[PDB]
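Student: Pasting in a structure now, in structure tokens, and then I'll have a few things to ask.
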Amino acid sequence: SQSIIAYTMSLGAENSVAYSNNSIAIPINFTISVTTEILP
Amino acid sequence: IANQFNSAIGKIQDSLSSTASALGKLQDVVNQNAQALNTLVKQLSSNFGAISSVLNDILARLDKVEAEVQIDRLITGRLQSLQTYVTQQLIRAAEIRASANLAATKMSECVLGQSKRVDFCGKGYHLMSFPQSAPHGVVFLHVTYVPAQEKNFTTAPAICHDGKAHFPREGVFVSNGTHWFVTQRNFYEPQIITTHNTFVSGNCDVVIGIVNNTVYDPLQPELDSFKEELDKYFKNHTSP
Amino acid sequence: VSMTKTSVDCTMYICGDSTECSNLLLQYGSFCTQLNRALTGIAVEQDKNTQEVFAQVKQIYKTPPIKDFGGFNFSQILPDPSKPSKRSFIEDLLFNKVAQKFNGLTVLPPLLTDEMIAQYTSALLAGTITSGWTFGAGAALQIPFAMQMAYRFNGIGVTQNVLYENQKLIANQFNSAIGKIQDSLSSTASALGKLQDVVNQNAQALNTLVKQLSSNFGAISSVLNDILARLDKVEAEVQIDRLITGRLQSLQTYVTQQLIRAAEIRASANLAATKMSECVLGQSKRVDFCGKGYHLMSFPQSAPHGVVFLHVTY
Amino acid sequence: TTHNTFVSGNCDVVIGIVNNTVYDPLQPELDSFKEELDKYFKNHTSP
Ligand SMILES: *[C@@H]1O[C@H](CO)[C@@H](O[C@@H]2O[C@H](CO)[C@@H](O[C@H]3O[C@H](CO)[C@@H](O)[C@H](O)[C@@H]3O)[C@H](O)[C@H]2NC(C)=O)[C@H](O)[C@H]1NC(C)=O
Ligand SMILES: *[C@@H]1O[C@H](CO)[C@@H](O[C@@H]2O[C@H](CO)[C@@H](O[C@H]3O[C@H](CO)[C@@H](O)[C@H](O)[C@@H]3O)[C@H](O)[C@H]2NC(C)=O)[C@H](O)[C@H]1NC(C)=O
Ligand SMILES: *[C@@H]1O[C@H](CO)[C@@H](O[C@@H]2O[C@H](CO)[C@@H](O[C@H]3O[C@H](CO)[C@@H](O)[C@H](O)[C@@H]3O)[C@H](O)[C@H]2NC(C)=O)[C@H](O)[C@H]1NC(C)=O
Ligand SMILES: *[C@@H]1O[C@H](CO[C@@H]2O[C@@H](C)[C@@H](O)[C@@H](O)[C@@H]2O)[C@@H](O[C@@H]2O[C@H](CO)[C@@H](O)[C@H](O)[C@H]2NC(C)=O)[C@H](O)[C@H]1NC(C)=O
Ligand SMILES: *[C@@H]1O[C@H](CO)[C@@H](O[C@@H]2O[C@H](CO)[C@@H](O)[C@H](O)[C@H]2NC(C)=O)[C@H](O)[C@H]1NC(C)=O
Ligand SMILES: *[C@@H]1O[C@H](CO)[C@@H](O[C@@H]2O[C@H](CO)[C@@H](O)[C@H](O)[C@H]2NC(C)=O)[C@H](O)[C@H]1NC(C)=O
Ligand SMILES: *[C@@H]1O[C@H](CO)[C@@H](O)[C@H](O)[C@H]1NC(C)=O
Ligand SMILES: *[C@@H]1O[C@H](CO)[C@@H](O)[C@H](O)[C@H]1NC(C)=O
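Residue numbers (the working numbering), protein chains in the order written: chain A, 96 to 135; chain B, 476 to 715; chain C, 2 to 315; chain D, 592 to 638.
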């Protein structure tokens, strides 16, 4: 069933933020994340 | 905070273990140098336009004068092949040096304290980082605060109480949609707008969007707890 | 941010459809397998260098189509939908101002074309105007544009009331500086001179390698197929090994000059990626790093081979 | 003011220190309050 399908590539799903001269978004919760960065 | 922290390390432990190529920058340098070494020896199979790569055969079939006129091809060939190796090694070592200067900068700024740099100590708001060794390199365990979850709110630039315009000392004025509060720009924790949360600058004429509410000053009700105490002494002195 | 992917087919430059030359080039073994790997490593690195700077966003942020920014008049810096490519009026300025030949050279396209580097620079901008810095460090979060400017002002330590009691003038002097930039880029080209420099280094480097196919290198003749028209087997190969030697040195030097160049372009892109990360996604508390004053915010526009910044300063 | 500044020391050590009479904005807001009391004294002596 699987084949080497080819496409024009995508950067992400469309996300306009609903901006206006009086609207805000302030967070109620947060993650303590960890990431690894590896340097030669 | 601690449960998230302990879960994040506990996830990183498995993530580094599981997928095929997650240390790929260190695979890349242990591969590329070993591939060039293997190549530098394999080039001793090539003729360089001579009669054999096996140099003793150029004494076995050719003699004292003309053997030089073979050999000079094997010398310039092998020596060019070594120049090709050393020039690559100088370039690729500067690529490693150019990492190592970033590594020492990242080390100082992300481990020996708290850089405010955006996406420098990794994604999110850098909190702190931990150094781990690897063969030929370093892994940084970057710990960060990331905004996760949020509610829709409206904000005022300023508050009109006295017709004079009031501004946060810190944070942002927001409404829950009926009342207003003063809160920090990175996390929802409201307070009633006081003179301690705020300062005054001019009046509501020059400024766009400015909203209408009163600002509370704890002096007023504190001194009303004092006016009532006074009023009880003023009335009571009528009596003795 | 990146060069053109000029790559040389290490057989065809040395041996123009000739097995006679190719068998003598096999007498040097694996060199071309490594020169091909050396130019390939440059080509791979241009995609990565374009990605590290422009794929600094993990969603496609977008403006609302109505534009209530308090007189901060971004009209020329956002993409224009009426353009075939979705590019801005600055980008319609920039994009004017900067198959195998018989010599065996080749040229390849970038992984991301001008539609895609523009959509990335459009998101890097649209997160900036809709979401402050926050898209660099979490989920997207709406804020009013003048409140972005308020926070910024307090950030450089001017008190936030100083924005408010001059806003209608502030936004105009900001638009006045945007206007001067559009006139400036319409008036000049030497300012783009750093993008001109990389392509001109590559233009004369290509031109050098081409001239070397006309060199005699001490041989009877400077062209291979001209020799194949006149000699046979021994007095021919004594000439073919030479052409091979002289051209082989041309490739060694060409790839040396390019490899030390590819380090200039990588370092330049790494700096550009930190300035996406720290000027555009953020607010620099570092003197003279983003602009030549206190930094307020930075806006990126795609260019041929690179990026220009509108670095905006108090 | 007492809300623009923080206290330190005593006025001998700091080279360059000027004199200037500060404003404590509590001081008139307890005086505007003292004179309201002074009017209730000037009333309460009368009946
Ligand atoms: C916007 O924020 C306001 C503050 O949180 C909120 O009003 C507050 O509502 C709570 C109850 O949900 C009240 O708490 C009191 O409720 C009754 C009052 O009779 C008592 O039984 C309780 O013991 C308690 O005293 C708060 O007093 C009230 N605060 C004020 C100043 O009104 C609004 O409801 C929020 N708006 C929306 C749309 O949710
Ligand atoms: C924000 O709060 C302001 C103060 O309450 C308010 O302005 C006030 O609006 C009333 C009602 O229109 C005015 O009342 C009288 O004003 C003039 C006379 O001066 C007359 O022309 C009117 O007919 C009316 O009799 C107040 O004078 C006025 N006060 C001030 C200080 O402006 C704003 O309207 C409020 N704005 C919003 C959007 O909430
Ligand atoms: C800043 O204001 C200070 C307060 O007025 C002032 O200090 C005062 O200086 C004078 C002169 O030295 C002193 O005057 C007294 O000195 C001794 C007693 O200490 C007597 O012999 C004198 O007759 C006289 O009474 C003040 O006592 C002294 N006050 C204080 C609290 O230190 C500074 O001189 C002023 N400086 C400037 C540059 O304005
Ligand atoms: C926060 O609100 C945005 C949008 O704002 C609201 O939009 C209308 C529905 C109306 O209620 C307005 O008065 C508000 O201003 C939410 O964005 C929506 O997200 C859904 C998916 O969850 C999407 O399908 C819609 O197209 C979006 N609507 C708009 C207008 O953009 C957002 O999800 C809210 N987030 C939270 C956590 O409250
Ligand atoms: C922030 O989100 C976390 C989840 O990432 C919340 O923690 C969970 O809370 C629910 C109950 O609401 C529990 O059932 C889970 O077991 C919790 N998980 C963990 C890791 O504790 C957390 O409560 C949220 N914090 C705030 C203050 O909103
Ligand atoms: C924002 O700035 C641009 C100029 O850079 C303004 O565009 C001009 O607008 C008028 C009216 O539509 C036209 O006659 C001009 O030809 C436009 N020029 C360009 C290059 O588009 C735009 O109107 C300004 N908007 C605001 C709100 O000031
Ligand atoms: C009134 O003041 C007197 C002393 O002057 C005191 O004894 C008395 O308890 C007070 N009574 C009331 C009602 O406060
Ligand atoms: C005393 O106080 C009353 C109100 O309690 C007021 O009517 C009257 O005018 C006051 N008298 C004086 C002398 O101020």
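Ideal Cβ placement from N, Cα and C applies to all residues, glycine included.
Give me the Cβ distance between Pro80/C and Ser123/C, rounded to the nearest whole Å; I'm assuming they're in contact under 8 Å.
Tutor: Between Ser123/C and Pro80/C the Cβ distance is about 5 Å, and since that is below 8 Å, they are a contact.
Student: With a CB to CB cut of under 6 Å and the five nearest residues on each side skipped, what residues in its chain are close to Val586/B?
Tutor: Hits under 6 Å: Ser604 and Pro606.
Student: Can you pull out the residues from the region 703-714 of chain B whose beta carbon lies closer than 7 Å to at least one beta carbon of chain D?
Tutor: Within the region 703-714 of chain B, the qualifying residues are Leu705 and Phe709.
Student: With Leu94/C as the anchor, note down where its beta strand (DSSP E) starts and where it stops.
Tutor: First-last for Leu94/C: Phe90 to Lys98, but that is the alpha helix (DSSP H), not the beta strand (DSSP E).
Student: How about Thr629/B: is its Cβ closer than 7 Å to a heavy atom in ligand 1?
Tutor: No.
Student: In chain order, what are the residues with a CB under 6 Å from some non-hydrogen atom of ligand 5?
Tutor: That gives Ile123/A, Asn124/A and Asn478/B.
Student: So what does DSSP say about residue 318/C, is it helix, strand or coil?
Tutor: Summary: the structure shown does not reach residue 318/C, with chain C confined to residues 2 through 315, and so no result is reported for it.
Student: So, at 8 Å on beta carbons, what are the nonlocal neighbours of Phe480/B in its own chain, with the 5 sequence-adjacent residues on each side left out?
Tutor: Excluding residues within five positions, the ones whose Cβ falls inside 8 Å are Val618.
Student: What does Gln624/B touch in chain A if you count any residue whose Cβ is under 7 Å from its own?
Tutor: Chain A residues near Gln624/B: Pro122, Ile123 and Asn124.
Student: Looking at the unbroken alpha helix (DSSP H) that takes in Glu46/C, where does it start and where does it end?
Tutor: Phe32 to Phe55 is the span of the alpha helix (DSSP H), which, as asked, contains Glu46/C.
Student: By a C-beta neighbour count over all protein chains shown, 10 Å radius and 16 as the cutoff for buried, is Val112/A buried or exposed?
Tutor: Counting Cβ neighbours within 10 Å, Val112/A comes out buried, since at least 16 surround it.
Student: Three or more C-beta pairs closer than 8 Å, one from the region 230-237 of chain C and one from the region 278-297 of chain C: is that the case here?
Tutor: No: the two stretches stay apart, fewer than three of their Cβ pairs being nearer than 8 Å.
Student: Hey, is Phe597/D's beta-carbon within less than 8 Å of any beta-carbon in chain B?
Tutor: It does not: the Cβ of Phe597/D has no partner Cβ on chain B nearer than 8 Å.
Student: For a contact defined as C-beta to C-beta under 9 Å, what are the partners of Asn24/C on chain B?
Tutor: Ordered by position in chain B, no residue passes the 9 Å Cβ test against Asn24/C, which lies about 11 Å from the chain.
Student: Would you kindly check if the distance between the Cβ of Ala44/C and the Cβ of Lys6/C is under 8 Å?
Tutor: Taking 8 Å as the Cβ cut-off, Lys6/C and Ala44/C qualify as a contacting pair.
Student: Among residues of its own chain, excluding the 5 on either side of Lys639/B, which ones have a beta-carbon nearer than 6 Å to its beta-carbon?
Tutor: Result list for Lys639/B: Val675 and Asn678, in chain order.
Student: Could you name the residues whose beta carbon sits closer than 7 Å to any heavy atom belonging to ligand 7, keeping them in chain order?
Tutor: Answer in sequence order: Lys707/B, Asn711/B, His712/B, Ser714/B and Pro715/B.
Student: So the beta strand (DSSP E) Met4/C belongs to, where does it begin and stop?
Tutor: Note, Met4/C: premise wrong, no beta strand (DSSP E); not H, not E.
Student: 8 Å is my cut-off, CB to CB: does residue 716/B come that close to chain A?
Tutor: Here chain B has residues from 476 to 715 only, and residue 716/B is not among them.
Student: Quick one: is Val621/B near chain C, going by C-beta distance under 8 Å?
Tutor: Interface residue, yes.
Student: Mind reading off the beta-carbon distance from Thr670/B to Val649/B? Whole number of angstroms is fine, and I expect it under 8 Å.
Tutor: With 8 Å as the limit, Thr670/B and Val649/B do not qualify as a contact, their Cβ atoms being about 18 Å apart.
Student: Please tell me whether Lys63/C has its Cβ less than 8 Å away from any Cβ of chain A.
Tutor: It does; some Cβ of chain A falls within 8 Å.
Student: Write down every uninterrupted run of the alpha helix (DSSP H) in the region 652-714 of chain B whose length is 4 residues or greater and which is fully enclosed by it, in chain order.
Tutor: Entirely contained in the region 652-714 of chain B, the alpha helix (DSSP H) runs reaching 4 residues are, in chain order, 694-711.
Student: Let me check one thing: in DSSP terms, what residues is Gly307/C bridge-paired to?
Tutor: Beta-bridge pairing links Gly307/C to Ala304/C.
Student: Anything in chain A within Cβ reach of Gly71/C, meaning under 9 Å, just list it in chain order.
Tutor: The contacting residues are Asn116.
Student: Mark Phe103/C as exposed unless 16 or more other C-beta atoms lie within 10 angstroms of its C-beta, in which case mark it buried.
Tutor: With fewer than 16 Cβ atoms within 10 Å of its Cβ, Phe103/C is classed as exposed.
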